[PDB]
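Have a look below at one chain only, the form deposited without the DNA, in structure tokens format.
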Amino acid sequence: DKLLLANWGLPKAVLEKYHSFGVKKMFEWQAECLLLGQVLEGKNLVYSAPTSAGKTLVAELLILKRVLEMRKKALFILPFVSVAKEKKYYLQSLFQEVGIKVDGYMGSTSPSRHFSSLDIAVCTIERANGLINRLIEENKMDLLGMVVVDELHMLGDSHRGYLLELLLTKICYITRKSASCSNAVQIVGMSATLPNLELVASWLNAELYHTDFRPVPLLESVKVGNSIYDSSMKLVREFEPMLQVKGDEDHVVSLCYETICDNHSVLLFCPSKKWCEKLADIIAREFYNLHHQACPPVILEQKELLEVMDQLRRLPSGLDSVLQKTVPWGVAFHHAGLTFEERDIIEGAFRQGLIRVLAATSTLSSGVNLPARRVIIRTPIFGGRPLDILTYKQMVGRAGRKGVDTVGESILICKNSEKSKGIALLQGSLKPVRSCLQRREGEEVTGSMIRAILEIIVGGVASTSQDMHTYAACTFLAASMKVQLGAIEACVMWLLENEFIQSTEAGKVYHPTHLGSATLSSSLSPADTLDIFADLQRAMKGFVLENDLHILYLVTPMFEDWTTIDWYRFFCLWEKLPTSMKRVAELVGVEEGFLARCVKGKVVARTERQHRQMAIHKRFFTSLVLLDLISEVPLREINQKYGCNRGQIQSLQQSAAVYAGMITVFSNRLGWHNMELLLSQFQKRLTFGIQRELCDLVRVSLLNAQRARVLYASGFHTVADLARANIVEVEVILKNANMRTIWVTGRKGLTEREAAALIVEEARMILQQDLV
């Protein structure tokens, strides 16, 4: 039939594991897409299909084709670290039975395997562009055989988008030059069903397969009043509630119960965090009321759900009070205020189906995949704005649990004044994807183009204006416009007038400075790099070594609305603040004559010096949070003192750990060797949130800060000690912190016996690799 994979002749290892996953047969569209033509022979490829359509199986089989036959290496580029982690573990399981070696470059993580050892690198767009810049420096690029891009529709919509354009255009510019002046580097792109996907394929010189095939039919609708309208706005049903809900009038609660009785999950998107908490509370209390008054009441796997609650309660943040009542009933909320492990457990319980209503903010839609039968979206308005059509289609695209459901369903709930927006979301379609490099004429030229011109010149490609114009023709801006060359000449002038590059007579040839090479190696933005360089020179002339705060002042990202800074707390903290830390404050320019003003009331903040002073204050306040965070003050206690949420601290912690890496490599390339000593410790130390004491022990990835804390406190101060310890000892010490209540991000929950064995065995593995 050529559809049972055995006909294709895959390695038996992957065949059996796909059968364990369930992929005994590929869909006709996947078979055609691999057959399509020069695709199978190495031509670039772009394809789009619904997320349910088996989207990634095509790229996975092309990776095997290249990696086994060519024995060259592949990149996998993913939009988010949560996706990147999950895909790394999936690919490891399948390929490790082959013996193909997989590890990833994600967030502040770096692999223990050096890239020479790897076959496949799974990475976030930011780390992907950083890798390619290193591959240009080494001139290693010949090593790459494939570059797979997910969420290629990001190309226009974010700061991550322009990095994807600057990434792909360097590979195009270098490869086509080397080829023109079989396909060595193949691109496989996956995207949303963009209008101008024909253009993206033609720009990449890809082959294109667009399909809207889904494994389960999707039924959309909108609900307004009691009426449920099909997308064509014919009435398909008139709703009348099975459940006499008291909590709210939109029937959102009774519209969930309608399918829960059919034993299927609901997923429910809410405009905001506190709304998601309040609505998840109401649904759980109506589940309890029905059961307490008692179609049947809900049937719940309560032994499984208490195992889920135990896995939550052992987290550093414990079990949230709202989750405590809602989770045993089988309702849960998921929003940016939850910690990463806490979300992952809620997500994992929903995939199994132990949770049956999950409410979420829209961030779940673009993130990790969950199948849900009934997807309810409460309003066409989110955050005080119309919902974006990309987000709506990423939400509804989840509907229908493939192979379990006969059909998927979605109900957009809407009011009369909003109905016009609800209709528009159903019938509308995405904007064409559009290069971010288009000149914003109120500036000199867009910072993404200045980065672009920096990356080539400092890279040592297109050292001359004719080559920069040739790279311009590869740029997707050119294919989208097919002013650009005038914008490029302005970028060169800006870089030259800000001493990132030197101009010399031969036309002209442009050379990097140390400041240029440090900017490219760090991956910092160059406009930011001026103030980073100015602040580092201001600090190195009068540094405070008696504490961690001044180092953290340089490491902390600038204020990016990551929380509302409660000035009353800040002025209260300021009086208590130690005089040693007040010395750090007045060195960097914090002044209480202005901090008293912010607690007295809103500052007008309409002038650049008040803007920078406010940024000084707001950067200082953020640096105090990081000082408490790396002293192992629990997340619950930072929240008491500063008032920010658990998820705000963790997202600040992850981004600050990335910025600590940038500042370290920036200072190294400049040659501030003293600063490299101090700051290099802080990337790992911020990433896990630990004292200096633990930084060696945390190398075992099965150990978080708290598990490292107890193994350290027991006396296993080094990986050698932890490898010498008996498994029974680690078990007692882990229990000192016969059922699965340890969470490990790459795994389901471990028992203490199983975790302790793998901890000892990983420590022995680390020593084998470290000594070798």
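The term rigid core refers to the maximal set of C-alpha atoms that superpose within 1.5 Å between the two forms. The first residue of the shown sequence is 1; numbering continues from there.
The next section is about a form of this same protein that is not shown, the form solved in complex with the DNA.
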Of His153, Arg127, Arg373, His617, the one that lies within 4.5 Å of the DNA in the deposited complex (heavy atoms): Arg127
The DNA: the contacting residue among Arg401, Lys419, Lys273, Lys72 in the deposited complex [heavy atom, 4.5 Å]: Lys273
Contact flag, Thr564 vs the DNA in the deposited complex, heavy atom cut 4.5 Å: yes
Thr622, heavy atom within 4.5 angstroms of the DNA in the deposited complex: no
Partner contact for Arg343 in the deposited complex: the DNA, 4.5 angstroms, heavy atom: yes
4.5 angstroms heavy atom contact with the DNA in the deposited complex for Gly507: no
Partner-proximal stretch of 202 to 210, 188 to 196, 127 to 135, 578 to 586 relative to the DNA in the deposited complex, 4.5 angstroms, heavy atom: 127 to 135
The DNA in the deposited complex - contacting residues of 505 to 529, heavy atom within 4.5 Å: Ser521, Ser522, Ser523
Core-fitted Cα difference of 2 Å or more between this form and the one not shown, single residue among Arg699, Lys278, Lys73, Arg434: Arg699
C-alpha of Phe688 off by 2 Å or more between this form and the one not shown on rigid core: yes
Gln311 C-alpha relocation of at least 2 Å between this form and the one not shown, rigid core basis: yes
Large Cα move at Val719 between this form and the one not shown, threshold 2 Å, rigid core: yes
Note on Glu608-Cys491 C-alpha separation in the deposited complex, which departs from the shown form by 3 angstroms or more: closer
